[PDB]
Amino acid sequence: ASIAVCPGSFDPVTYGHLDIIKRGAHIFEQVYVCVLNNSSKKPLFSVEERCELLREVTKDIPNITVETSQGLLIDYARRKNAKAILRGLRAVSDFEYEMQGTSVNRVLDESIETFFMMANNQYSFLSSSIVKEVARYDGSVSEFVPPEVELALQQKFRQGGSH
Ligand SMILES: Nc1ncnc2c1ncn2[C@@H]1O[C@H](COP(=O)(O)OP(=O)(O)O)[C@@H](O)[C@H]1O
Ligand SMILES: [Cl-]
Ligand SMILES: [Mg+2]
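In this text, residue positions in the sequence shown follow the entry's author numbering: the first is 2, and each later residue adds one.
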């Protein structure tokens, strides 16, 4: 089967994430975008908000299905019958954290491979963190995220919260 999963916290999805997602969807027949709740940090948006943003920004790409999962990414991948997990590599610093993750996944299921794509174009400088900071301080994020994400950030920062 030509099936792959693109996991991430996507908080929020940016044009850099979307480039990885579309490149993956161009290679594989079906691509599952999985919002992983997992984290070494507290997310700005909930899982459900992140999922809906993702659905809206990829609705015209037919071989993309956006879902969220309860368990391990490696079991979600098996459930989808996916043979590859796709991740982007922006900088040299993305190295070690990605290496541990793939080392663990390889032990849990060595029949599922982790493929890294380099962010090798004009979105390489961006990150979710840079977009959230800019947004929090009233800067423009239109060159960084889809219009739907820009609006969700305006809405999120108008609400009171741990931010
Ligand atoms: N600017 C970028 N350019 C290319 N690929 C990216 C970029 N940002 C993220 N990616 C890739 O897209 C996916 C999104 O990861 P992310 O949503 O930030 O959550 P997490 O790192 O917590 O799993 C990963 O494959 C990531 O490496
Ligand atoms: Cl294939
Ligand atoms: Mg503003």
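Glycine included, C-beta positions come from ideal geometry on N, C-alpha and C.
Assignment of alpha helix (DSSP H) within the region 48–107, counting only whole runs of 4 or more residues, yields 48–59, 74–81 in chain order. The region 14–34 and the region 108–127 touch, with three or more beta-carbon pairs separated by less than 8 Å. Between ligand 2 and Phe-29, a heavy atom-to-CB distance of less than 7 Å is present. Residue state for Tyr-16 is assigned as helix, using DSSP reduced to three classes. Within the same chain, and ignoring the five residues on either side of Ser-141 in sequence, the residues whose Cβ sits closer than 8 Å to its Cβ are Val-135. Per DSSP, the continuous alpha helix (DSSP H) segment holding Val-150 begins and ends at 148–159.
Shortest gap from the CB of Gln-156 to any heavy atom of ligand 3: 7 Å or more. Distance from the CA atom of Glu-68 to the CA atom of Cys-7, rounded to whole angstroms, is 10 Å. For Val-135, the enclosing alpha helix (DSSP H) stretches over residues 129–137.
Separation of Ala-26 and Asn-64 (C-alpha to C-alpha, rounded to the nearest whole angstrom) is 7 Å.
Between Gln-101 and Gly-162, the alpha-carbon positions lie close to 33 Å from each other.
Taking a contact to require three or more Cβ pairs closer than 8 Å, the region 47–64 and the region 101–120 do not qualify as touching. Excluding five sequence positions before and after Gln-31, the CB atoms of its chain that fall closer than 6 Å to its own CB belong to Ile-4, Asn-64, given in chain order.
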